[PDB]
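S.K.: Sharing a structure with you now.
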Amino acid sequence: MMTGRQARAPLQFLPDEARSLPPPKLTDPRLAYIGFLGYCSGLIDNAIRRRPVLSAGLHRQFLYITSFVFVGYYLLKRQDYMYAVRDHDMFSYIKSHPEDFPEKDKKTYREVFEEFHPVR
Amino acid sequence: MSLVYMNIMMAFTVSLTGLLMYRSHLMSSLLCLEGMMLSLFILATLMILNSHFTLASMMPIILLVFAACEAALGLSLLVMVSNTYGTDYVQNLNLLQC
Amino acid sequence: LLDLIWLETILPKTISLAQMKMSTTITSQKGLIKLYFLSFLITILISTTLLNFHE
Amino acid sequence: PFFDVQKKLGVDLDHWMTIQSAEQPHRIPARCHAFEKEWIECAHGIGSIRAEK
Amino acid sequence: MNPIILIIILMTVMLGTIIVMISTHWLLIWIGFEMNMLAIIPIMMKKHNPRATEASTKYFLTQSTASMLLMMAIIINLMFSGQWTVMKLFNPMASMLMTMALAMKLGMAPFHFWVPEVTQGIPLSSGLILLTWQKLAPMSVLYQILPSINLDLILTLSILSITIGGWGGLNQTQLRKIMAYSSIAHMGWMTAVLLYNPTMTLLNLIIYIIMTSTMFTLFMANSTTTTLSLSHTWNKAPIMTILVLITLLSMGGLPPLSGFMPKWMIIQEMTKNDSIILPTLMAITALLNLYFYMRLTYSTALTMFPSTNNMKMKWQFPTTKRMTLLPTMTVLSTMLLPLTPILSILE
Amino acid sequence: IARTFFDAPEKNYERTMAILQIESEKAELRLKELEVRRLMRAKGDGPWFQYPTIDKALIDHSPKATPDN
Amino acid sequence: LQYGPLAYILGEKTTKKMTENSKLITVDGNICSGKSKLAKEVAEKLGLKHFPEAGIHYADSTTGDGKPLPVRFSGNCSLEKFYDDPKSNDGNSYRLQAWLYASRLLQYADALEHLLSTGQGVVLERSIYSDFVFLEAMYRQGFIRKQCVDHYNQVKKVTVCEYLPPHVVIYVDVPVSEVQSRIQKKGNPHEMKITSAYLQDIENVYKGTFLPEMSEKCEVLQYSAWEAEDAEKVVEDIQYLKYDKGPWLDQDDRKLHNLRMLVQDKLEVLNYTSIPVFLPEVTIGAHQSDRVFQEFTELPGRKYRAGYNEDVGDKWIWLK
Amino acid sequence: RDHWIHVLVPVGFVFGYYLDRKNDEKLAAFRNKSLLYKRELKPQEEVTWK
Amino acid sequence: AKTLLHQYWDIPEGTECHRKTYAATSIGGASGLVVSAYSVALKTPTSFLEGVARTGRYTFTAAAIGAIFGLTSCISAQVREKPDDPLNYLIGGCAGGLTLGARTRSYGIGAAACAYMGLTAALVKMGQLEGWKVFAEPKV
Amino acid sequence: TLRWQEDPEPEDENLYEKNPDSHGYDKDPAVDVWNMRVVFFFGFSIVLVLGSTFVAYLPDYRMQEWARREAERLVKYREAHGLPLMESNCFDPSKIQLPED
Amino acid sequence: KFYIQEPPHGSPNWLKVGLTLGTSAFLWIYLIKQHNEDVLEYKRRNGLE
Amino acid sequence: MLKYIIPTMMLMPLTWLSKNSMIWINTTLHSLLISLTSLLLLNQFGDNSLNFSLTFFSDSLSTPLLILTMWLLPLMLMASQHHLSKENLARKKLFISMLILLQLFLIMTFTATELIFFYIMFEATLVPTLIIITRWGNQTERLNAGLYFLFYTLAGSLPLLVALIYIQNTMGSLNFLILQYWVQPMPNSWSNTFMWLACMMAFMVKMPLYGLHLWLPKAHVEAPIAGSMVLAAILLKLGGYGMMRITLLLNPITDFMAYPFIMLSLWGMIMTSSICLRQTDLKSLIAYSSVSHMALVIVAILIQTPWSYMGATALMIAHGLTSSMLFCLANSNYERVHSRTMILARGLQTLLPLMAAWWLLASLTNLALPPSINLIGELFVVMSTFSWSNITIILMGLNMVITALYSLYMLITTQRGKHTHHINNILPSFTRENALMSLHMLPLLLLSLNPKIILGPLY
Ligand SMILES: CCCCCCCCCCCCCCCCCC(=O)OC[C@H](COP(=O)([O-])OCC[N+](C)(C)C)OC(=O)CCCCCCCCCCCCCCCCC
Ligand SMILES: CCCCCCCCCCCCCCCCCC(=O)OC[C@H](COP(=O)([O-])OCC[N+](C)(C)C)OC(=O)CCCCCCCCCCCCCCCCC
Ligand SMILES: Nc1ncnc2c1ncn2[C@@H]1O[C@H](COP(=O)(O)O)[C@@H](O)[C@H]1O
């Protein structure tokens, strides 16, 4: 539904507006979770090929962790870029059309009528 | 629209009902498939020739071309059956049911 | 009477036997392709004529 | 996933034929060239729903 | 099969899929579909068996009928519209014919009468290639023409697909027919949400592809095509039973597994349109799918079936087969729930 | 026990106030999301739901072989 | 590993390596035909080599330390108890025969891998095409039942269709009385119980149904017992044969590449041995299966793969 | 130390309490701003609560 | 078939009997023709006469189902004088269930059918009253 | 002819013969003694008595005792100025806009 | 010498593990360099230095 | 709540990295450390709940349930460490890991501030119990016990989730700290009727309600006793948490709609007490007693008075402890005699005196002997149901006879009479068993002195 925004300039993973956003820190919990996913994948390779699970192939585990962290960082960058685009289009349309979305006067509780149902 | 358009599309759906109701022979169904493509080709060529769309004139013949590129495949899918069964009856083609 | 039969009958066993019968009737196909394309034809004829999905 | 690589690499594959009002060999117009031009230029970039409405 | 010829065939089918992906012309769409057909046909005949010939004949006839219906829809759209751009269609009958063509190509019910025999008659790698790579191009075409799709038709086809897939999967012992009916159920779940939010369709397609490829890789690794051999896998390796249990739990729709990620959010994009009873019915048929999944898990992992004396020989040789990215696809098929908002990369 | 382990009532009170503020803002933004999506799909004047159309760069403006075009 | 489709793309053609020496030989006959050295004779002067006959513990010798494993881990069967009471209720005879058959499959796979990898002819003993005759003797003493023979025919039918017959097959013809006297002068006390009907039925099914199918797909030379000790006549018969019979001529590089891809993965070979056809003679209990599997796990060199065991003296496992 | 496995859970609890103490720092939107608990910030002080 | 359901719902409920009964009978007849055509499509009849006998059997069963359902709804809504009450449709659903049990010659099937399409008829009635949509149009 | 060859079903293993001092944890006596000491120290001596001391001197649960003290003030106010104890109006009846009737 | 043959994975292939270590180091170095480029381009693009 | 979740997720490698003979000792010690650490949740105020963070909060209601859960884990570990001595070490670690994951999902269930999070982990709890029930049981019917337990509960909640998502489209937030102030009254209509049914039926199945209780006895007579204790004691309380978190939104339509539910619960608790009066298995008898107690809890939360809420929470905690220790009694008997028949092993007081004392204390605490917390909760629910209507006390009174009549009879034929002559493998009391029994019994007596910590969110 954002395809119109991805209409003029296609097949761009991170457009020029994505560089103006704060990138995710390396201590982000999502990045740590994806690194844990890569570590679990390395453990599964140590398990299914009948190898020792916690010592065999440290290079394979490090490669899995690095690849998972790399693709997770780029996917998180794309995710927060898209969510920022969503909120910016939101606020642009809500500045653009005030006739179809008016204001509400929040009444106090001293005059709004409510019906009380007794529990007994 | 017109009249010959009606005749050609009715020929297409007649050949479709011919294909969609088998009569115990694969190559007859292949002939009905090529008839449906004949109606498609005739309709496309007539539509272009009425609308003076010159640059789209490649599309009918190429369409025709690609049909042969599958139709021979259907023939190539016949003799293999004839290399296992004696004949090519579709009621004998019920091994895949378990 | 109640706990072991009737409550055991109304909710789970009727549903299980209904799915038993439905799944038996669905996948008892003979594998013929003439019947399959006849089914495709009557499906197309129902969708085009009775349902009138081109309105 | 309409991966429009025709604009990413800048290579024209099938935009020269897809529309009746395109560039034709030896500059031959079709039977509805002006109507195609009007319908494209009126309904350009404003969205399909607004174009229909 | 010659490795160079096989590589050329694979490059041909991927080229046809890419051509369907990238073209802005209906004729090039049909050309890519024809190339897809003509390249997937010899993949099924790698073993030269009568079952493969029967499956190839059924597949070729059904996809040829779909291709001719697609061409008639294209010609009707041309005659009523005068151009060839891949966008919304300008006729309801052209929309009908293209929807029937894409339903026949996908295998959606009541055009599901070819998927189980085709999956059964071909080997596991060919079944993987079919049930994964043939569900990308028609989804792209349906993504392109979703303005012109009739709502009642696609919703009826979706609910029929899910119900028929569950009822078919309740009564099959072979693994490949189970896969085919599960694919029909996932197809209905995926195409029910197409008109409301196609990003949900793409997300469910990606998750279904990952899970189905994971399961077919596990079946290729165990070299098992029957339920009894799948039960017999417990003696060869316990880890294979653990992964088949967690994966078949994932495709059931249980939290906190990844298979609960798409379907739940399908409801999140259908209660916003005030459609309440339809996701409930599709959740009930998802429970039916979970029931035959639970029977299969009872067969393979949670109860260890008796084995034979020959398997001791298999204890002296490790598995030398090539498991293509098996742990990564298993992890993505199991624990993708805490990364749920990542679907926003598909916008 | 209160000095060593337990949180102060002031800290918990203001933490509750901050949590209430953040979740109220998120709820209001979700309601605006639903209303904005409904209006945008009903009207079509926004960047969302911008369905593709034929580009006008393909129109040839050159003089043709026939004057009537 | 070492071989794959990339190697065939790189140019590894197996027909380059098989010269006129690359002839697959197996020698088969009666129980004590005197071929036990004779096949080895074909090893020691033709530039070939001859593995011993596929016994109960051949797989235990070709994998691991090479020390044959106990009965509980491998086989769970006994040839000697079969020789004492062949009509036992537990079906030890069929278990021993099935283990021998799987051993013969593994032996033939290893020999074919050696032939397709080095281009050297391999001498064998009682190949997989000549084992069923023993089971036919097992059927003609009342030793086993109909269902077990049906299971064996199913197993052989699903595992033999992917292979090729050998180049030449050497048979040694010994009379029943001579081989019976040889058995009585063997001196081993556990083989004093062979009946005459055993060897008579072996020879009957050997000459009746095995010759009119092996003579077309390969070359068979019917020798005799006194001339079986004559190595020169046998080797002169070997060198002056015409290689025109069988499917060994219409096999291009791609067919042998597919054969090598199937063969070098041993679990692909042994996949159809344990088909889920349920037989009281072969089925092992689940508790016993778990106990035996856990017992085999704690054996040295079997807990992990062939080069990932710290208890046998492997280094750099953390870098492997 | 030959008792490394017995100090897993206390280390986890210390880490969890450190994470929680970092977590209330992000929730300082209404610190010394509530209409019922407000008071003047005393000398030789910077925050009302950490 | 888009006009049969609307013509069923174009008449006020419990007011006139035979037109509503015949509308429900026509809907049942269309459903019976559809299911009998599918049954003779996937399952081959042994003969033409047996096939048209099966088609007539399914048509008669579904027509009786629809006719009795519409009838029982009509007299229930007339007797209780409550047009906006789904209990009449539940009673009609049990009447249809007893009809299905009679034509299929079973009793437990009859009771299960009572419960099942009585609940279905009630769900239809509060779907009409509360304006639920089976196929909701896209809004957001 | 025996089906699915299985080891005979094991008997009930008894623990008081090989070790008459066993506490039902395992077979090794040191493991049994350490497990018994661990559970009897960290279950009874550590959670029960210290938890009871913690919940006995818990600092004024839900301010319940405080609910006395302020109340002990409040009536002491309104019994000295003639005010009623409690009123039927929970809030101020003059600060409410009554809806029209 | 325990096993009768030489297993293919019984010897450390130094080229494969060296390539894996080099690829991991390259990926990590590219990741930190990209993160630095992003963070100072973010401070440049808004002037929040 | 990160100071208890991280200890659980960090004890997970501890039970994965432990030695081949010190798994039980290390897991029990560290779980008891977590159990002591869990007492810090009682920092409760009379007005405001202890809101830890955005997605975690714990009022006076869920804190006793959390304390019960991570006190219940070591008891399960001791109660399931006998029969798994012959089981393989990897599968032993798998079982302990399953129990640890079940505890983690349970503690994340009771403190989830958002109702979607609560639902997601409330049936993320479904996987470990299903795995334990189906794998580590002892009969054939455990396979059937994996079906009726599963396809009931999910069938109650796959509607419910949709309803929850609908609230996300209606209110805009499903947070419980927000919905206490944004709640609107529910009008009388068929749509609100079906919303009430969808929001009610999942936890109605999970209590279970009578008619939907068939999954409870079929999943208890075959389980490993760790599974039996977690199912009877803490897994049934998810329905109570669903009631006390959901019933805020379903006012006032609950008052004039819950009549058939209350009728079903009262007459079904009468029926299940009568079924307890004529049982032959210990496990089935305890399960049907649990059905009666949860039907009483259903009535207590459905009438929604503050006294009823106090009684419902007290009865929930007391019944959980009592049912867990009763299942420990039945497991000791089934360990000694290798059968589940009540009439088989009789007169065990002549041979086992301390187990007879624990039997007597279990039976006394089962029939609500004052001043135990069981009597406190049962009495409060009795007075609240008398406040709902008068005639209800008659429908209580017979039950309070019957709930005594089996509660001693189940003792008597198992403990009093002439002992069976042909049974001679009755071993004396293992110290592990009696330590587990005392660890079950002593908190149940201790909570009678200070009941104010387990008296709900409105004490
Ligand atoms: C909690 C929910 C989950 C349940 C499972 C929990 C598992 C973890 C358990 C952790 C340990 C236990 C925690 C709860 C402890 C509760 C007890 C406690 O500490 O209470 C505090 C209460 C505190 O008393 P208090 O509340 O009155 O004191 C007020 C507080 N101060 C002192 C600060 C003003 O202790 C007592 O009441 C003790 C009273 C004295 C001791 C008893 C004397 C009499 C003994 C009997 C004599 C004979 C009588 C006649 C008998 C006739 C035959 C029957
Ligand atoms: C254990 C098995 C039985 C489980 C029973 C569970 C409870 C029974 C009812 C569940 C209905 C499904 C969830 C509905 C949630 C509705 C939320 C809401 O706000 O609704 C208002 C909405 C109102 O529509 P609306 O909100 O879109 O309209 C706008 C508002 N007005 C009306 C003013 C215009 O209700 C509905 O849309 C329909 C609700 C009823 C749904 C009926 C179909 C399902 C029937 C029950 C099936 C149960 C499973 C059976 C199989 C089990 C497995 C074998
Ligand atoms: N399938 C079989 N069935 C019975 N006996 C066999 C089988 N295969 C080999 N043998 C025995 O193995 C021995 C062969 O070794 P040799 O005596 O050196 O030829 C003979 O005692 C054969 O009877």
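We label chains A, B, ... in the order they appear in the structure tokens, count residues from 1 in each chain, and number ligands from 1 in the order shown.
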Please provide as a PyMOL selection string all residues within 10 Å of residue 28 in chain F, with the sequence filter that same-chain residues fewer than 4 positions apart are discarded (counting only C-alpha atoms).
M.R.: (chain F and resi 23-24+32-33) or (chain L and resi 171-173)
S.K.: Please provide the set of residues having any atom within 10 Å of residue 28 in chain K, restricted to only C-alpha atoms, with same-chain residues fewer than 5 positions apart removed, written as a VMD selection string.
M.R.: (chain A and resid 66 to 67 69 to 70) or (chain K and resid 22 to 23 33 to 34)
S.K.: Within 10 Å of residue 24 in chain E, counting only C-alpha atoms, which residues show up once you throw out same-chain ones fewer than 6 positions away? Write them as a ChimeraX atom specification, please.
M.R.: /D:2,4,6,13-15,18 /E:84-87,144
S.K.: Please, could you write that set of residues out with N, CA and C atoms as a PDB file, in the first residue's frame?
M.R.:
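So the final result, stored in part-v9.pdb, reads:
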```pdb
ATOM      1  N   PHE D   2       6.031  -6.780  -8.254  1.00  0.00           N
ATOM      2  CA  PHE D   2       6.295  -6.236  -9.584  1.00  0.00           C
ATOM      3  C   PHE D   2       7.646  -5.526  -9.552  1.00  0.00           C
ATOM      4  N   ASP D   4      10.058  -3.757 -11.089  1.00  0.00           N
ATOM      5  CA  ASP D   4      10.202  -2.983 -12.321  1.00  0.00           C
ATOM      6  C   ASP D   4      11.678  -2.686 -12.544  1.00  0.00           C
ATOM      7  N   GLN D   6      12.926  -2.384 -15.502  1.00  0.00           N
ATOM      8  CA  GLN D   6      13.046  -1.587 -16.717  1.00  0.00           C
ATOM      9  C   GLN D   6      13.392  -0.137 -16.407  1.00  0.00           C
ATOM     10  N   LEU D  13      12.532  -2.411 -22.635  1.00  0.00           N
ATOM     11  CA  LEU D  13      12.261  -3.756 -23.131  1.00  0.00           C
ATOM     12  C   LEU D  13      10.938  -3.828 -23.887  1.00  0.00           C
ATOM     13  N   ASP D  14       9.834  -3.432 -23.245  1.00  0.00           N
ATOM     14  CA  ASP D  14       8.525  -3.555 -23.875  1.00  0.00           C
ATOM     15  C   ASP D  14       7.626  -2.355 -23.587  1.00  0.00           C
ATOM     16  N   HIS D  15       8.205  -1.169 -23.407  1.00  0.00           N
ATOM     17  CA  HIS D  15       7.413   0.051 -23.324  1.00  0.00           C
ATOM     18  C   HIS D  15       7.140   0.669 -24.689  1.00  0.00           C
ATOM     19  N   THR D  18       3.577  -1.398 -25.795  1.00  0.00           N
ATOM     20  CA  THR D  18       2.489  -1.616 -24.849  1.00  0.00           C
ATOM     21  C   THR D  18       1.321  -0.650 -25.007  1.00  0.00           C
TER      22      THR D  18
ATOM     23  N   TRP E  84      -1.745  -2.621 -23.663  1.00  0.00           N
ATOM     24  CA  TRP E  84      -1.168  -3.840 -23.109  1.00  0.00           C
ATOM     25  C   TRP E  84      -0.533  -3.650 -21.737  1.00  0.00           C
ATOM     26  N   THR E  85      -0.774  -2.534 -21.057  1.00  0.00           N
ATOM     27  CA  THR E  85      -0.116  -2.287 -19.783  1.00  0.00           C
ATOM     28  C   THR E  85      -0.641  -3.234 -18.712  1.00  0.00           C
ATOM     29  N   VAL E  86       0.268  -3.731 -17.875  1.00  0.00           N
ATOM     30  CA  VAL E  86      -0.112  -4.621 -16.786  1.00  0.00           C
ATOM     31  C   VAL E  86      -0.636  -3.776 -15.636  1.00  0.00           C
ATOM     32  N   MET E  87      -1.941  -3.540 -15.636  1.00  0.00           N
ATOM     33  CA  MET E  87      -2.611  -2.736 -14.626  1.00  0.00           C
ATOM     34  C   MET E  87      -4.028  -3.281 -14.488  1.00  0.00           C
ATOM     35  N   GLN E 144      -0.771  -7.572  -9.505  1.00  0.00           N
ATOM     36  CA  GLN E 144      -0.860  -6.484 -10.471  1.00  0.00           C
ATOM     37  C   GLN E 144      -2.297  -6.077 -10.779  1.00  0.00           C
TER      38      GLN E 144
END
```
S.K.: To one decimal in Å, tell me the separation between CA of residue 307 in chain L and CA of residue 109 in chain A.
M.R.: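 CA of residue 307 in chain L sits 29.2 Å away from CA of residue 109 in chain A.
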S.K.: May I ask you to extract the residues of chain K within 12 Å of chain G, using only C-alpha atoms, and to give them as a PyMOL selection string?
M.R.: chain K and resi 1-18+20-21
S.K.: Tell me which protein, DNA and RNA residues are within 12 Å of residue 18 in chain B, counting only C-alpha atoms, leaving out same-chain ones fewer than 4 positions away, and put them as a list in words.
M.R.: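 Answer for this query is residues 11, 12, 13, 14, 22, 23, 25, 28, 29, 30, 31, 32, 33, 34, 35 and 36 of chain B; 34, 37, 38 and 41 of chain C; 65 of chain E.
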S.K.: Mind listing the residues within 10 Å of ligand 3, only C-alpha atoms and all ligand atoms counted, as a PyMOL selection string?
M.R.: chain G and resi 27-37+52-56+79-80+82-83+93-94+96-101+104+125-126+128+130-138+183+186+191+194+198-199+202
S.K.: Using only C-alpha atoms and all ligand atoms, find each residue with an atom at most 9 Å away from ligand 1 and format the answer as an NGL selection string.
M.R.: (:J and (44 or 46-60)) or (:L and (35-36 or 38-39 or 63-72 or 317-318 or 321 or 439-440 or 442-454))
S.K.: Go ahead and save the residues from that selection, with C-alpha atoms, as a CSV table (one decimal), in the first residue's frame.
M.R.:
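For reference, selection_0.csv as written:
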```csv
chain,number,residue,atom,x,y,z
J,44,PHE,CA,13.0,-25.2,54.7
J,46,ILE,CA,16.0,-20.6,53.6
J,47,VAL,CA,12.6,-20.0,52.0
J,48,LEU,CA,10.1,-21.0,54.7
J,49,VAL,CA,11.5,-19.3,57.9
J,50,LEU,CA,13.0,-16.4,56.1
J,51,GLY,CA,9.9,-15.9,53.9
J,52,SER,CA,7.8,-16.0,57.0
J,53,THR,CA,10.0,-13.4,58.6
J,54,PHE,CA,9.8,-11.3,55.5
J,55,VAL,CA,6.0,-11.4,55.2
J,56,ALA,CA,5.5,-10.9,59.0
J,57,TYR,CA,7.5,-7.7,58.9
J,58,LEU,CA,6.3,-6.6,55.4
J,59,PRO,CA,6.1,-2.8,55.4
J,60,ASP,CA,2.4,-2.0,55.8
L,35,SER,CA,11.6,-18.9,44.6
L,36,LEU,CA,13.2,-16.8,47.4
L,38,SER,CA,10.2,-13.9,43.9
L,39,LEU,CA,9.1,-12.6,47.3
L,63,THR,CA,1.6,-12.0,42.6
L,64,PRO,CA,0.4,-15.0,44.6
L,65,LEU,CA,-0.1,-16.9,41.4
L,66,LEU,CA,3.5,-16.1,40.3
L,67,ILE,CA,4.8,-17.1,43.8
L,68,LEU,CA,2.9,-20.3,43.5
L,69,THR,CA,4.3,-21.0,40.0
L,70,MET,CA,8.0,-20.6,40.8
L,71,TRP,CA,7.5,-22.4,44.1
L,72,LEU,CA,5.7,-25.2,42.2
L,317,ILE,CA,-4.7,-20.8,45.4
L,318,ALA,CA,-5.8,-23.2,48.2
L,321,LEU,CA,-1.9,-26.5,46.5
L,439,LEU,CA,7.0,-28.7,51.3
L,440,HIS,CA,3.4,-28.9,49.8
L,442,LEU,CA,3.5,-26.3,55.4
L,443,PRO,CA,2.8,-23.2,53.2
L,444,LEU,CA,-0.9,-24.2,53.1
L,445,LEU,CA,-1.0,-24.1,56.9
L,446,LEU,CA,1.2,-21.0,57.1
L,447,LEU,CA,-1.0,-18.9,54.8
L,448,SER,CA,-3.9,-19.3,57.3
L,449,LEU,CA,-2.1,-17.0,59.7
L,450,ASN,CA,-1.6,-14.2,57.2
L,451,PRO,CA,-4.3,-14.5,54.5
L,452,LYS,CA,-4.2,-10.8,53.4
L,453,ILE,CA,-1.4,-11.5,50.9
L,454,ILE,CA,-3.6,-13.9,48.8
```
S.K.: From the set L:13, L:260, L:159, L:306, which residue has the shortest atom-to-atom contact distance to ligand 2, counting only C-alpha atoms and all ligand atoms?
M.R.: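 For ligand 2, the nearest of the candidates is L:159.
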S.K.: At a cut-off of 6 Å, which residues of chain F touch chain L? Count only C-alpha atoms and give the answer as a VMD selection string.
M.R.: chain F and resid 6 19 27 30 to 31
S.K.: Skipping near chain neighbours, those fewer than 6 positions away, what residues fall within 12 Å of residue 228 in chain E using only C-alpha atoms, listed as a list in words?
M.R.: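 Once the nearby chain positions are removed, what remains is residues 173, 174, 175, 234, 296, 297, 298, 299, 300, 301, 303, 304, 305, 306, 307 and 308 of chain E; 274, 275, 276, 277 and 278 of chain G.
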